[PDB]
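[1] Sequence unavailable; structure follows:
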Ligand SMILES: CC(=O)O[C@H]1C(=O)[C@@]2(C)[C@H]([C@H](OC(=O)c3ccccc3)[C@]3(O)C[C@H](OC(=O)[C@H](O)[C@@H](NC(=O)c4ccccc4)c4ccccc4)C(C)=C1C3(C)C)[C@]1(OC(C)=O)CO[C@@H]1C[C@@H]2O
Ligand SMILES: CC(=O)O[C@H]1C(=O)[C@@]2(C)[C@H]([C@H](OC(=O)c3ccccc3)[C@]3(O)C[C@H](OC(=O)[C@H](O)[C@@H](NC(=O)c4ccccc4)c4ccccc4)C(C)=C1C3(C)C)[C@]1(OC(C)=O)CO[C@@H]1C[C@@H]2O
Ligand SMILES: Nc1nc2c(ncn2[C@@H]2O[C@H](COP(=O)(O)OP(=O)(O)OP(=O)(O)O)[C@@H](O)[C@H]2O)c(=O)[nH]1
Ligand SMILES: Nc1nc2c(ncn2[C@@H]2O[C@H](COP(=O)(O)OP(=O)(O)OP(=O)(O)O)[C@@H](O)[C@H]2O)c(=O)[nH]1
Ligand SMILES: Nc1nc2c(ncn2[C@@H]2O[C@H](COP(=O)(O)OP(=O)(O)O)[C@@H](O)[C@H]2O)c(=O)[nH]1
Ligand SMILES: Nc1nc2c(ncn2[C@@H]2O[C@H](COP(=O)(O)OP(=O)(O)O)[C@@H](O)[C@H]2O)c(=O)[nH]1
Ligand SMILES: [Mg+2]
Ligand SMILES: [Mg+2]
């Protein structure tokens, strides 16, 4: 039950930097590799995430991908870089330059061949692959461009493994590039088609969490990605660890998706709390559900009170009663059934993991799949049309070899995607 | 079971310089001769490689051949020179000068008579000769020219002993002489005909190992030949030492060669690792097989994924289970049977030697005989035709007494050799 | 004199965890196997170590891992501890075919070996959930195979039935539809258990406001042991399980007995306590003590069996029966008159250290066939149809090779299942 | 009362390493030879030192060197320790003629001297691999010579048969084709042993995921000792090996018995254990416990002999036989009805310090003639033909003077060997 983690692009590498830190702490693994934890859990399920080398060394089953060493170099240079083997630093020079066409279509493909060779080498060492996880930004040339190439080729090799990816949704407040939503559309066109599931991450919403609910002052990407990693680990650690309602991801996905083409997720983390609150807030499952249900804790700028939920996953960590959980789950559906899909009478899936989080007594994560997600796609299409009409910057991509009808096709597919949510929205 | 080692030419002497160093360390023998090791192995099988003189002295059963003292003088002058007896320094003055005709046909032959006299004297002292090993460069006048004379005369004297030679394949990046591939062709013509087996060594590939896989910076011939010697000793030490699947070389060869005229080998060493990797790499038989199978660890510029393997030898050193080895061996053949010959259902030969390497816990070496080898011969023939057409430099050889039809014949035989691989290539 | 217990799926194994604990309780069986002195569930070695005759199947190692790292791991042998690797993904198709088919040969052989090791195989009992993959699908696979090989042995199933309101997986109704049919087809008896009813009992009768499955399964196991452990042990009116088959199922397609348990008393409650046979059996007819959320009131009753432990006298039992006849509100079918089998085991009811139930001096369970069960299936039926109308989630099975008609077919089989109660209740 | 064991080839000697260890185990024989108190395998001197009656042949000193530098080197005498110098190179031609012919005179004389030193020579048993040079070729040479001189003594061979999938030498199928023929011709019985099956047993029954030949040979030796050591020692139903010849081979060309061993239990497994005669003999008929990768199912059975150690009673054995008759799936030939010889040695089964098998109280092996063996030969046959079609490697034997027709001839002899099973299985 191994999981392959591929980090790609400036952000994928940066996000994954926090993710692996978290995981290492979760299992009591020293930055230089050795395990010093004290629970059976910490040892026994390393498996998934680390290769045990002699000497008690554990190496992350992951590859860091980019066309510039920069980001990866800073990681290697600093803390936790030492846990990574040289073989996980696959990069060229020069980068794409935020160009999807160069990443996917030209230049990074060349690197991708070596990336996948390494992946293959890891898949040979794997005992039992459960699946793959990619971390990247939707609008990024290497993250998404190269990432989408990797996805299409990995699924080719392994149709039956879980293909998942976590992606950053371009935020209205932070464009980089003019064609950031262009890159996103191009990737979406492939991402939808080639993955089993993808997570929607909106920085702007994450900032909202940071300050509005956590009242923190200055979010860095590391703090924001810390938040993200909490949910990523929330998801998979319970896959790893024993529990009561184990929800393998695959199973989950099964349950999450009623329709093959709608595989977008809305994660949210529950025990979000400011420090002040610590002294005032009781922690119960209903408390966690209050924070799960509340749209303000969503990690993406989509309002679940606007859209309708297809599926809701409710991840629990810690020794909760089944009654308490089940009753509260039910209570949520009793209250606002109107925001759920009509044809499924129980749209919320519990998944309780016995194992407590470190530190917290209880923890929970919300994962959903709602029609509200279409709003972000609409934002993309909106911008795209402006851009497309005047081919702004397109010449750069044209030089790479992209056709206007190719982009049009991608747009169409975006339009389809939005209509698909409309079909079940109502 | 003695082995005679003849080093010839600038490189044979230089390569052998590292080889004997390695061997001496393998057996705990001091540079000045005496044995100070501590294992039974180190003592009991010296036999093969050293003559025990009174006083606990061991002398390498080998002869250093050249027409200039230069190289041998530097060896004698420096470390380990003291382990060699004066009788092993057989040289004249002047050299050939990179001229095969002078080496083989004229001048070095005169020296060769004294060389072989010494060889004979050693063969008289031998108890039980297993065979002979020559180290040389294919395109070298004294290495190969004189070497080929030695080979033809030794086999004459001893048809039933193993005639083997290790030879350097002219690399595209390093010519010396214009007629370096000419010399190679001329020698090949005799080498094929007069040896039982020969090893293909391509410097360019060895550099690739040095940096690409080992990430070392500045290869010297000594570092590169260190690598070579690791494989040479890999091969024969297990011949010497007890093991489970002892694979005498003769037996091996039997198994390696389906057809009398195809006796070329593709060695590769397995525990190739950079220093960095040390802290991250687990060492298992599958790990070793991953590095054996991977074409990037081949010591010659031939791609085994291009050609087809006739035979694969798998040398193991250390206490491995038979299951682990046998299962993994099988696994390789299961995966890529398409790169193996059709008419042999088990094309890989294990040879496990019980005895561990010094230091490493496990070690392995790949030896193969594949059709991919023809690529180097093609490079030779390619160059040759250019050269032959305009007799460039041929006048130098003409002066020595070489005929154009003689070279043509040699070419034909090269062409035959290539076609022979084609016949089994498919 | 022996029978084998099979635990498939998480729920099956988690119940099994309670079951072997209980059998250790019943005789004071040490972890090493000491136990003097009962070989219906255990087999003895010459070491004096007795081991259970049971099989645990989980296609992910995780649950069994907990068994192998838990107490009692000395008592269990790897033979019984079946672990797969990879997952059946919540779908009957893989559970029954794709994955299960790979492991089932192992499983079947292990069962066969144990069967050969038994002397006087009465049959077997299987614990599973109706809604899962493995629990259902794999189980299904297994039951078909067991019906081939062990044709005339008892086939009892204990199936957990999803609460209409609480569900943890969206395709549970889809899986259960496939399951049910096949189950029926090969089973001799299937018990339905509804987690919500049990939760209600835990909070209302046991007064426990924080139940987990571990305590829920303690209840279930206690009941089950009273049903089976006890029946092989000797009593005052020693009844066997094959006798219950004969005496439980009036119809060829009989068969879905409902069990209740009614002395389910908190420690505190038990102080005051005095529950006579009559009092206990009154509690058995309360909806609150049903074990399945159904409501006896509106169904008809067909067989009603009462299983006794401890301090019970036949005369008083008969008086309690008369009370039941009097108190009727028990809409018995006209097909059967009076068909209420009693079994009485002298052995006192047991209590588990770690439980929360007070020690009772007498204990009675009630087995019953009622038509009210169909209501539970109707709830499911509508859920099934809704999903199938959209064909939601179907691709998870179609990619696995399932045919749409197969699912619609299975629903039609469910209709026939509902019709079984219609038929029975209908006619008189 | 005596017999001699000959170990030829690496494998033969490595098995021998286990064999003499085992005989030391059987009586508590000290390195110096003390042993009181069994002279079937040892001969006694007036020093009180008993030495084995065995011959080890290796044409390279290396293996014997390990013997002479190992434990037990006090027990072995140089007479028995035959070393050559140079190599037979993996080829029958040198093994049989070129090299072997030089050493064989020594070897034969040493055998002859030991034969003269025996009192009551029953015969001899030879351990070798089918595929080698010396192991095959030299062996072949030897067997011919022994059939000349010791015409009426027993000729048992224990031949390791290359696993169809794992091979260490390309000319093994070429060597085995020559070997087989001659072996048959002079042998009374040849055992086939398949390393892969044994590996499977080691990992599945013994649970050892890192087997080496040293532990594989421990298994083999244990079995062999139960077959022979034991047969000369006294029991309840003391059977001899010559009786097995009489009772093992129905056909003149009989003869390729298959042995299985079935109590092959890990220490841990053995805790739970209870393997009765019936249980053990069921295990003997499992493909998993075969020792050769073949599958009993599709062959026919002709003789089946059961060899018992320790805690065994005839009545219960007979009951187990009845079980076997019942459980049949044993396609016995109509030629023979019921021909299942049992031999029972009171002496308990032994365990080697250093082994990984649990102490068992009773042990049973099964010897059998089946037609399924031909399948193994068919695999080889195709490999042989492929090589011969190309004439690959043939020059290694042609330079040694072999004729092409000799190899094709030998294949035709193999066809006749396959025909032996055809014949037998065919007719009824
Ligand atoms: C004294 C004490 O109890 O301190 C708590 C604490 O004060 C609070 C505020 C923590 C704190 O988290 C944050 O302030 C935070 C910072 C950036 C982004 C997101 C969150 C805490 O830093 C985080 C830390 O979390 C963990 O230890 C979890 O195991 C968590 N670990 C990490 O995120 C992690 C951080 C650094 C290095 C390695 C891992 C985790 C969660 C899900 C899955 C895997 C791991 C906890 C409980 C605390 C501190 C230390 C103050 C809270 O967060 C989490 C994820 O638990 C914020 O609201 C919760 C409520 C906690 O009570
Ligand atoms: C602390 C420690 O464990 O150091 C190792 C070490 O770091 C590594 C990197 C060694 C090292 O080898 C090299 O760096 C190297 C340099 C030039 C050419 C080729 C290799 C090592 O130098 C080589 C040395 O090898 C041996 O000792 C073998 O017996 C080897 N000996 C020689 O090649 C030799 C070198 C100098 C003088 C005399 C002999 C050998 C191999 C096959 C057959 C016979 C002998 C070893 C294990 C190490 C060091 C010392 C760092 C490695 O190589 C070998 C041949 O073992 C390189 O990848 C392997 C993996 C080893 O772990
Ligand atoms: N009473 C009881 N019900 C349980 C228990 N565990 C799970 N259930 C119920 O059984 C159903 C859950 O089945 P799952 O655990 O999802 O699946 P499974 O049947 O084990 O098989 P898979 O789907 O392949 O994992 C739900 O309706 C749960 O409410 C338990 O320990 N006790
Ligand atoms: N069971 C078992 N099989 C072995 C052992 N050693 C080798 N074999 C098998 O026997 C065959 C090997 O024969 P070799 O060791 O190559 O040769 P040999 O028969 O000793 O004689 P030569 O070829 O002349 O060396 C292969 O099929 C091996 O798998 C051993 O110790 N035990
Ligand atoms: N959450 C998050 N978003 C990031 C990070 N880095 C870049 N992004 C987002 O990613 C988009 C830019 O794409 P980028 O990652 O630079 O593309 P690439 O590097 O060329 O593949 C912007 O919407 C950013 O907000 C990060 O570390 N965390
Ligand atoms: N690996 C290797 N190649 C060598 C060495 N010395 C010369 N060569 C190669 O040998 C060829 C030149 O032949 P050379 O040895 O000078 O011939 P000779 O000395 O006249 O017999 C070139 O292809 C070199 O790369 C060496 O020490 N190691
Ligand atoms: Mg499960
Ligand atoms: Mg040998």
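    The structure has been received and is ready for your questions. Residues are numbered from 1 along each chain as shown, chains lettered A, B, ... in the order given. Ligands and ions are numbered 1, 2, ... in the order given.
[2] Could I get the full set of strands for the stretch 151-300 of chain C?
    Assigned by DSSP state E, counting those that start in this stretch, the stretch 151-300 of chain C shows strands spanning C:154-161, C:189-194, C:258-261.
[3] Please convert those to JSON lines, extending it with distance to ligand 4.
    Bear in mind the C-beta positions are built from the backbone N, C-alpha and C, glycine included. Output for the strands of the stretch 151-300 of chain C, formatted as JSON lines (distance: least, Cβ to the nearest ligand atom, whole Å):
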{"stretch": "strand C:154-161", "distance to ligand 4": "46"}
{"stretch": "strand C:189-194", "distance to ligand 4": "52"}
{"stretch": "strand C:258-261", "distance to ligand 4": "58"}
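[4] Out of the ones you listed, the one nearest ligand 2 is which?
    strand C:154-161 (55.9 Å; Cβ to the nearest ligand atom).
[5] Pull up the pairing partners for that closest one, direction included.
    Strand C:154-161 has its sheet partners listed here by DSSP bridges as strand C:121-129 (parallel), strand C:189-194 (parallel).
[6] burial count for the residue in chain C positioned nearest to chain D?
    Scanning chain C for the residue nearest chain D gives residue C:45, at 4.4 Å (criterion: Cβ to the nearest Cβ). For residue C:45, the count of nearby residues is 16 (other Cβ atoms under 10 Å in any protein chain shown).
[7] Surely it touches residue C:39?
    No - assessed by Cβ atoms under 8 Å, residue C:45 is found out of contact with residue C:39, at 11.3 Å.
[8] and stretch C:173-181, does that touch ligand 3?
    No - Stretch C:173-181 stays clear of ligand 3 (Cβ under 6 Å from any ligand atom), getting no nearer than 7.3 Å.
[9] Show residues contacting that stretch.
    Here stretch C:173-181 makes contact (Cβ atoms under 8 Å, 6 or more residues apart in numbering or on different chains) with C:90-92, C:96, C:130-133, C:136-137, C:139-140, C:162, C:377, C:380, C:383-384, C:387-388, C:393-394, C:397, C:406-407, C:410-411, C:413-414, C:417.
[10] so what's the most centrally placed residue in chain A up against?
    The C-alpha lying nearest the average C-alpha coordinate of chain A belongs to residue A:166 (Cα atoms, centre = their mean; 2.4 Å). Residues counted as contacts of residue A:166 (Cβ under 8 Å, 6+ apart) are A:15, A:133, A:134, A:135, A:136, A:198, A:199, A:201, A:228, A:232.
[11] can you pick the most crowded of these?
    residue A:136 (34 neighbours).
[12] measure that one to ligand 1 for me?
    Noted for residue A:136: a distance of 20 Å to ligand 1, by Cβ to the nearest ligand atom, to the nearest Å.
[13] Could you pull up the contacting residues of that residue?
    Neighbours of residue A:136 in contact, by Cβ under 8 Å, 6+ apart: A:7, A:8, A:9, A:11, A:12, A:143, A:144, A:147, A:165, A:166, A:167, A:168.
[14] try it again with 7 Å
    For residue A:136, the contact set (Cβ atoms under 7 Å, 6 or more residues apart in numbering or on different chains) comprises A:8, A:9, A:11, A:12, A:143, A:144, A:147, A:165, A:167.
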